[PDB]
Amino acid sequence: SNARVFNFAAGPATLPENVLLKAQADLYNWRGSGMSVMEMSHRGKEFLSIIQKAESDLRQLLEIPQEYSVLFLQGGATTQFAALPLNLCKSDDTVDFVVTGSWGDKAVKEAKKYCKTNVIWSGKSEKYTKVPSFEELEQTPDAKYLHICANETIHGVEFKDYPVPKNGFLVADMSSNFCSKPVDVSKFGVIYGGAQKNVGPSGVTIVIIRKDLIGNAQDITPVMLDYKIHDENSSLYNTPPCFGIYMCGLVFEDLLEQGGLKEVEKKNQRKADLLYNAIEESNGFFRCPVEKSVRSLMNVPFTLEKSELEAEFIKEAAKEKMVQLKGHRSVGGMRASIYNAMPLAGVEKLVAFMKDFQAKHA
(Lines of atoms letter the chains of each structure in order from A and count residues from 1; the text may use other names and numbers.)
(Lines give C-alpha, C1' and ligand atoms only; values in the text may rest on other atoms or scores of the structure.)
Protein backbone atom coordinates (compact mmCIF):
# COMPACT_ATOMS: atom_id res chain seq x y z
CA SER A 1 0.00 0.00 0.00
CA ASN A 2 0.99 3.68 0.15
CA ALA A 3 1.56 3.16 3.89
CA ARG A 4 4.04 0.53 4.96
CA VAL A 5 2.65 -2.87 5.87
CA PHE A 6 3.28 -5.25 8.72
CA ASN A 7 5.72 -7.66 7.06
CA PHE A 8 5.88 -11.16 8.61
CA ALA A 9 8.32 -12.52 6.02
CA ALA A 10 10.88 -15.05 7.29
CA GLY A 11 13.91 -13.79 5.34
CA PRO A 12 14.64 -11.35 3.90
CA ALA A 13 12.56 -9.53 6.47
CA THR A 14 11.32 -6.31 7.98
CA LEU A 15 13.90 -3.62 8.89
CA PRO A 16 13.68 -0.59 11.23
CA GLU A 17 12.04 2.43 9.64
CA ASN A 18 14.61 4.80 11.06
CA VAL A 19 17.43 2.75 9.51
CA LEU A 20 15.67 2.79 6.14
CA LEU A 21 15.07 6.54 6.28
CA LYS A 22 18.72 7.18 7.22
CA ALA A 23 19.80 5.12 4.21
CA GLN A 24 17.40 7.07 2.00
CA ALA A 25 18.70 10.41 3.26
CA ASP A 26 22.33 9.57 2.62
CA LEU A 27 21.97 7.47 -0.58
CA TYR A 28 23.11 10.11 -3.09
CA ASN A 29 25.96 11.61 -1.08
CA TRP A 30 27.06 10.00 2.19
CA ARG A 31 28.20 12.60 4.76
CA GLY A 32 29.56 15.08 2.15
CA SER A 33 32.03 12.48 0.81
CA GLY A 34 30.68 13.28 -2.62
CA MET A 35 29.32 9.81 -3.46
CA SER A 36 26.96 7.03 -2.43
CA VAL A 37 28.10 4.16 -0.22
CA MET A 38 27.27 2.11 -3.40
CA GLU A 39 30.10 3.90 -5.25
CA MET A 40 32.85 3.89 -2.54
CA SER A 41 36.13 2.10 -2.97
CA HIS A 42 36.38 -0.69 -0.43
CA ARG A 43 40.00 0.35 0.25
CA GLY A 44 39.12 4.05 0.73
CA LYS A 45 38.90 5.83 4.06
CA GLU A 46 35.11 6.24 4.07
CA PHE A 47 34.30 2.61 3.60
CA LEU A 48 36.97 1.60 6.06
CA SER A 49 35.30 3.75 8.70
CA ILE A 50 31.94 2.07 7.96
CA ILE A 51 33.14 -1.54 8.13
CA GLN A 52 35.27 -0.83 11.25
CA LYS A 53 32.33 0.85 13.00
CA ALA A 54 30.04 -2.07 12.06
CA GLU A 55 32.52 -4.53 13.57
CA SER A 56 33.02 -2.39 16.70
CA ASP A 57 29.25 -1.99 17.26
CA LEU A 58 28.69 -5.70 16.77
CA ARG A 59 31.46 -6.56 19.24
CA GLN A 60 29.75 -4.26 21.80
CA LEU A 61 26.24 -5.67 21.23
CA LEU A 62 27.21 -9.32 21.59
CA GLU A 63 30.08 -8.72 24.01
CA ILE A 64 32.40 -10.56 21.66
CA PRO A 65 35.73 -11.44 23.31
CA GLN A 66 38.97 -10.08 21.89
CA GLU A 67 40.15 -13.59 20.94
CA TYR A 68 37.35 -13.94 18.25
CA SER A 69 37.42 -12.59 14.71
CA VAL A 70 34.42 -10.99 13.02
CA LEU A 71 34.12 -11.59 9.26
CA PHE A 72 31.68 -9.96 6.85
CA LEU A 73 31.27 -12.33 3.87
CA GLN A 74 29.10 -13.01 0.82
CA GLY A 75 27.41 -16.23 -0.19
CA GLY A 76 24.77 -16.64 2.56
CA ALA A 77 24.69 -19.11 5.39
CA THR A 78 24.51 -21.91 2.70
CA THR A 79 28.09 -21.08 1.64
CA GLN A 80 29.12 -21.56 5.31
CA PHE A 81 27.64 -25.06 5.17
CA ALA A 82 30.66 -25.82 2.88
CA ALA A 83 33.19 -23.37 4.39
CA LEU A 84 32.88 -24.75 7.91
CA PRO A 85 34.17 -28.32 7.26
CA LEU A 86 36.55 -27.08 4.58
CA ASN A 87 38.27 -24.79 7.11
CA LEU A 88 37.88 -26.80 10.29
CA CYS A 89 38.23 -30.50 9.29
CA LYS A 90 40.35 -32.90 7.37
CA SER A 91 38.56 -35.20 4.98
CA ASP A 92 38.45 -38.10 7.46
CA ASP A 93 37.39 -36.08 10.51
CA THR A 94 33.87 -36.32 11.93
CA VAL A 95 31.39 -33.52 12.68
CA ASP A 96 28.57 -34.21 15.09
CA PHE A 97 25.12 -32.69 14.47
CA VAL A 98 21.99 -32.21 16.54
CA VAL A 99 19.21 -31.76 13.91
CA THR A 100 16.20 -29.84 15.18
CA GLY A 101 14.83 -28.73 11.79
CA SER A 102 15.53 -28.65 8.06
CA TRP A 103 18.27 -26.01 8.15
CA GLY A 104 20.50 -28.32 10.21
CA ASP A 105 19.68 -31.16 7.81
CA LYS A 106 20.93 -29.08 4.88
CA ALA A 107 24.14 -28.37 6.78
CA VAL A 108 24.68 -32.15 7.26
CA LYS A 109 24.23 -32.94 3.60
CA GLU A 110 26.69 -30.28 2.43
CA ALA A 111 29.27 -31.24 5.01
CA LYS A 112 29.36 -34.81 3.66
CA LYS A 113 31.23 -33.53 0.62
CA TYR A 114 34.16 -32.54 2.84
CA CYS A 115 34.29 -34.78 5.96
CA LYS A 116 32.33 -37.47 7.82
CA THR A 117 29.11 -36.57 9.53
CA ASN A 118 27.19 -38.00 12.46
CA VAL A 119 23.61 -36.96 13.30
CA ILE A 120 23.40 -37.76 17.03
CA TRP A 121 19.73 -36.93 17.30
CA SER A 122 17.07 -35.81 14.81
CA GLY A 123 13.68 -34.29 15.61
CA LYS A 124 12.24 -35.45 12.31
CA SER A 125 10.20 -38.34 13.76
CA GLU A 126 8.01 -35.89 15.70
CA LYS A 127 7.86 -33.24 12.97
CA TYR A 128 10.67 -31.12 14.49
CA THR A 129 8.94 -29.99 17.66
CA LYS A 130 11.54 -30.57 20.38
CA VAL A 131 15.15 -30.17 21.52
CA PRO A 132 16.77 -33.20 23.13
CA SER A 133 18.01 -33.42 26.65
CA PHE A 134 21.76 -32.73 26.34
CA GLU A 135 23.26 -35.04 28.92
CA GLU A 136 22.09 -38.15 27.06
CA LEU A 137 23.47 -37.19 23.66
CA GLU A 138 26.14 -39.67 22.64
CA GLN A 139 28.90 -37.51 21.12
CA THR A 140 31.61 -38.98 18.85
CA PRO A 141 34.81 -39.30 20.89
CA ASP A 142 37.03 -37.61 18.32
CA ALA A 143 34.50 -35.24 16.66
CA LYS A 144 36.02 -31.92 15.59
CA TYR A 145 32.91 -30.00 16.48
CA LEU A 146 29.26 -30.20 17.34
CA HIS A 147 26.86 -28.28 15.02
CA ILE A 148 23.46 -26.90 15.94
CA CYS A 149 20.99 -24.58 14.28
CA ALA A 150 20.08 -22.31 17.24
CA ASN A 151 16.77 -21.19 15.66
CA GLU A 152 15.11 -23.44 13.14
CA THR A 153 13.34 -20.88 11.01
CA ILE A 154 10.71 -23.11 9.44
CA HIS A 155 9.96 -25.26 12.47
CA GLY A 156 9.94 -22.68 15.25
CA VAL A 157 12.34 -24.56 17.53
CA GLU A 158 14.85 -22.43 19.46
CA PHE A 159 17.74 -23.35 21.76
CA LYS A 160 17.55 -21.50 25.06
CA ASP A 161 20.51 -23.24 26.74
CA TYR A 162 23.33 -24.82 24.75
CA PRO A 163 24.89 -28.29 24.80
CA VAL A 164 28.49 -28.69 25.91
CA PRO A 165 30.70 -30.30 23.22
CA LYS A 166 32.61 -33.33 24.51
CA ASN A 167 35.76 -33.50 22.38
CA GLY A 168 35.67 -30.32 20.26
CA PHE A 169 33.96 -26.93 19.99
CA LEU A 170 30.37 -25.76 19.40
CA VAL A 171 29.20 -24.29 16.07
CA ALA A 172 25.85 -22.55 15.75
CA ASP A 173 23.83 -21.32 12.80
CA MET A 174 22.16 -18.29 14.38
CA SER A 175 20.84 -16.83 11.09
CA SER A 176 17.26 -16.35 12.29
CA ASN A 177 17.93 -15.26 15.87
CA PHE A 178 21.21 -13.33 15.45
CA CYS A 179 21.31 -10.26 17.82
CA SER A 180 17.86 -11.15 19.28
CA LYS A 181 19.36 -11.64 22.75
CA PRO A 182 22.63 -11.95 24.59
CA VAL A 183 24.88 -14.88 23.79
CA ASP A 184 27.89 -16.02 25.77
CA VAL A 185 30.19 -16.15 22.70
CA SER A 186 32.97 -17.83 24.61
CA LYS A 187 30.89 -21.07 24.67
CA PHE A 188 31.30 -21.35 20.88
CA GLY A 189 34.07 -21.86 18.42
CA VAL A 190 31.93 -20.42 15.57
CA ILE A 191 28.66 -18.49 15.36
CA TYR A 192 27.42 -17.67 11.87
CA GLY A 193 24.38 -16.22 10.20
CA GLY A 194 22.95 -14.60 7.13
CA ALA A 195 22.19 -10.96 7.91
CA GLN A 196 18.89 -10.92 6.10
CA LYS A 197 16.67 -12.31 8.82
CA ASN A 198 17.41 -10.07 11.82
CA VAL A 199 20.26 -7.50 11.13
CA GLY A 200 20.29 -6.26 7.50
CA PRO A 201 19.48 -7.04 3.90
CA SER A 202 20.47 -10.17 2.01
CA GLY A 203 23.99 -10.38 0.61
CA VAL A 204 25.95 -10.28 3.87
CA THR A 205 26.80 -13.23 6.10
CA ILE A 206 28.52 -12.83 9.46
CA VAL A 207 31.03 -15.29 10.88
CA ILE A 208 32.30 -14.97 14.44
CA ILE A 209 35.21 -17.41 14.85
CA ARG A 210 37.66 -18.07 17.69
CA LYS A 211 41.13 -16.98 16.39
CA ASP A 212 42.81 -20.21 17.32
CA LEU A 213 40.57 -22.10 14.87
CA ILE A 214 41.56 -20.00 11.82
CA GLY A 215 44.02 -21.55 9.36
CA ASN A 216 44.86 -24.93 7.87
CA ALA A 217 41.83 -25.18 5.57
CA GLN A 218 41.73 -28.12 3.17
CA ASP A 219 43.73 -27.62 -0.04
CA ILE A 220 40.57 -27.71 -2.16
CA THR A 221 39.07 -24.75 -0.26
CA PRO A 222 38.24 -21.90 -2.67
CA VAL A 223 40.18 -18.78 -1.68
CA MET A 224 36.78 -17.07 -1.22
CA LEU A 225 35.77 -19.69 1.41
CA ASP A 226 39.08 -19.54 3.33
CA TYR A 227 38.78 -18.06 6.82
CA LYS A 228 42.47 -17.18 7.12
CA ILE A 229 42.32 -15.20 3.87
CA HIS A 230 39.30 -13.28 5.09
CA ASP A 231 40.69 -12.69 8.57
CA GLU A 232 44.17 -11.56 7.53
CA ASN A 233 42.58 -9.16 4.99
CA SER A 234 39.88 -7.91 7.44
CA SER A 235 37.06 -8.97 5.07
CA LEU A 236 38.61 -6.98 2.21
CA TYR A 237 40.47 -9.73 0.28
CA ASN A 238 38.15 -9.14 -2.67
CA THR A 239 35.38 -6.59 -3.11
CA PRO A 240 33.02 -6.95 -0.12
CA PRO A 241 29.21 -6.37 -0.12
CA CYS A 242 29.79 -2.69 0.80
CA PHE A 243 26.22 -1.49 0.88
CA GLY A 244 24.99 -4.52 2.77
CA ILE A 245 27.68 -4.04 5.41
CA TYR A 246 26.76 -0.33 5.70
CA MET A 247 23.11 -1.36 6.23
CA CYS A 248 24.10 -3.91 8.90
CA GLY A 249 26.14 -1.15 10.57
CA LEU A 250 23.05 1.08 10.77
CA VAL A 251 21.08 -1.73 12.38
CA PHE A 252 23.79 -2.44 14.98
CA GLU A 253 24.09 1.26 15.86
CA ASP A 254 20.29 1.37 16.34
CA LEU A 255 20.20 -1.76 18.51
CA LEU A 256 22.75 -0.13 20.78
CA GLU A 257 20.53 2.98 20.92
CA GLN A 258 17.63 0.79 21.98
CA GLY A 259 19.63 -0.24 25.03
CA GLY A 260 21.48 -3.33 23.69
CA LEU A 261 20.54 -6.95 23.56
CA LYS A 262 19.08 -7.32 27.06
CA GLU A 263 16.45 -4.76 26.07
CA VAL A 264 16.00 -6.31 22.66
CA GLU A 265 15.36 -9.70 24.32
CA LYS A 266 12.74 -8.17 26.67
CA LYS A 267 10.80 -6.69 23.78
CA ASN A 268 11.04 -9.90 21.79
CA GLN A 269 9.80 -11.96 24.72
CA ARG A 270 6.92 -9.57 25.34
CA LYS A 271 5.61 -9.61 21.76
CA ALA A 272 6.12 -13.36 21.26
CA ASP A 273 4.14 -14.03 24.44
CA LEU A 274 1.11 -12.12 23.13
CA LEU A 275 0.95 -14.42 20.10
CA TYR A 276 1.68 -17.72 21.88
CA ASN A 277 -0.94 -16.81 24.56
CA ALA A 278 -3.53 -15.98 21.91
CA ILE A 279 -2.92 -19.43 20.40
CA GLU A 280 -2.97 -21.28 23.72
CA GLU A 281 -6.16 -19.57 24.89
CA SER A 282 -8.05 -20.30 21.65
CA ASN A 283 -9.45 -23.64 22.87
CA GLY A 284 -7.72 -25.40 19.96
CA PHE A 285 -8.93 -23.06 17.18
CA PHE A 286 -5.29 -22.18 16.55
CA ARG A 287 -2.47 -24.68 17.23
CA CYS A 288 1.29 -24.47 17.67
CA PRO A 289 3.00 -27.91 17.47
CA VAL A 290 6.28 -26.90 19.18
CA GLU A 291 7.09 -28.00 22.73
CA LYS A 292 6.57 -25.06 25.09
CA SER A 293 10.12 -24.64 26.48
CA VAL A 294 11.72 -24.37 23.04
CA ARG A 295 9.18 -22.11 21.23
CA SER A 296 11.03 -19.60 19.04
CA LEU A 297 10.71 -15.90 19.86
CA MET A 298 11.45 -15.23 16.15
CA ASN A 299 9.33 -17.66 14.09
CA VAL A 300 5.86 -18.80 15.19
CA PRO A 301 4.27 -21.62 13.17
CA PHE A 302 0.60 -22.30 13.76
CA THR A 303 -2.32 -24.01 12.05
CA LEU A 304 -6.10 -24.02 12.30
CA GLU A 305 -8.17 -26.95 13.41
CA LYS A 306 -10.38 -25.95 10.46
CA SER A 307 -7.51 -26.04 7.98
CA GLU A 308 -9.91 -25.29 5.09
CA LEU A 309 -10.05 -21.70 6.46
CA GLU A 310 -6.25 -21.14 6.36
CA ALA A 311 -6.20 -19.65 2.85
CA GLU A 312 -8.99 -17.24 3.90
CA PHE A 313 -7.13 -16.31 7.13
CA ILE A 314 -4.01 -15.47 5.12
CA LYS A 315 -5.84 -13.54 2.36
CA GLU A 316 -7.92 -11.50 4.81
CA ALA A 317 -4.86 -10.71 6.97
CA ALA A 318 -3.09 -9.37 3.88
CA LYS A 319 -6.12 -7.18 3.16
CA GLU A 320 -5.53 -5.75 6.64
CA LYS A 321 -1.83 -5.08 5.88
CA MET A 322 -0.38 -8.17 7.60
CA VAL A 323 1.53 -9.94 4.86
CA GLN A 324 3.66 -13.05 4.25
CA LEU A 325 1.90 -15.12 6.96
CA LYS A 326 1.66 -18.33 4.84
CA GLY A 327 3.37 -21.33 6.45
CA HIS A 328 5.61 -24.02 4.96
CA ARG A 329 4.19 -26.41 2.42
CA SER A 330 4.97 -29.40 4.70
CA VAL A 331 2.52 -28.24 7.44
CA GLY A 332 0.39 -25.57 5.84
CA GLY A 333 -1.15 -23.11 8.21
CA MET A 334 0.72 -19.98 8.98
CA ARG A 335 4.13 -18.72 10.09
CA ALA A 336 4.40 -15.35 11.80
CA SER A 337 8.03 -14.20 11.72
CA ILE A 338 8.39 -11.58 14.41
CA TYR A 339 12.00 -10.45 14.25
CA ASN A 340 13.60 -7.58 16.21
CA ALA A 341 12.22 -4.95 13.83
CA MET A 342 8.58 -6.19 13.81
CA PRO A 343 6.71 -3.46 15.65
CA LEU A 344 4.81 -4.47 18.78
CA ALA A 345 1.76 -2.95 17.08
CA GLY A 346 2.00 -5.49 14.28
CA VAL A 347 1.88 -8.36 16.73
CA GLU A 348 -1.07 -6.68 18.48
CA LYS A 349 -2.89 -6.27 15.18
CA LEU A 350 -2.40 -9.99 14.34
CA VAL A 351 -3.63 -11.06 17.77
CA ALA A 352 -6.74 -8.85 17.42
CA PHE A 353 -7.34 -10.24 13.90
CA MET A 354 -7.05 -13.79 15.25
CA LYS A 355 -9.69 -12.95 17.91
CA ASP A 356 -12.08 -11.57 15.34
CA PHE A 357 -11.44 -14.52 13.01
CA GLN A 358 -12.12 -17.04 15.74
CA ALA A 359 -15.36 -15.30 16.73
CA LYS A 360 -16.55 -15.22 13.12
CA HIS A 361 -15.68 -18.86 12.36
CA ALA A 362 -16.15 -20.75 15.63
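Just count from 1 along the sequence shown to find any residue number.
A.B. asks: Highest mean C-alpha temperature factor of the two stretches 3 to 11 and 353 to 361, which is it?
C.D. replies: Higher mean C-alpha B-factor in the PDB entry: 353 to 361.
A.B. asks: Would you mind comparing 230 to 238 and 260 to 268 for me and telling me which has the higher average C-alpha temperature factor in the entry?
C.D. replies: Between 230 to 238 and 260 to 268, it is 260 to 268.
A.B. asks: Select one of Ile279, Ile220, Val157, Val171: the residue whose C-alpha shows the highest B-factor in the crystal structure entry.
C.D. replies: Comparing C-alpha B-factors across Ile279, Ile220, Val157, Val171, the top value belongs to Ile279.
A.B. asks: For the CA B factor values reported in this entry, which option in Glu39, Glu55, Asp26, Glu310 has the top one?
C.D. replies: Highest CA B-factor of the listed options: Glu310.
A.B. asks: Would the CA B-factor of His147 place it in the lowest, middle or highest third of its chain?
C.D. replies: As the PDB entry reports it, the C-alpha B-factor of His147 lands in the lowest third of its chain.
A.B. asks: Looking at the temperature factor on the CA atom of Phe243, which third of the chain's modelled residues does it land in?
C.D. replies: Lowest third.
A.B. asks: Can you tell me which third, lowest, middle or highest, the CA B-factor of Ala318 falls into for its chain?
C.D. replies: Highest third of the chain for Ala318's C-alpha B-factor.
A.B. asks: Using the temperature factors of the C-alpha atoms in this entry, rank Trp103 within its chain: lowest, middle or highest third.
C.D. replies: Answer is lowest: the recorded C-alpha B-factor places it there.
A.B. asks: Comparing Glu126 with the other modelled residues of its chain, is its CA B-factor in the lowest, middle or highest third?
C.D. replies: Highest third.
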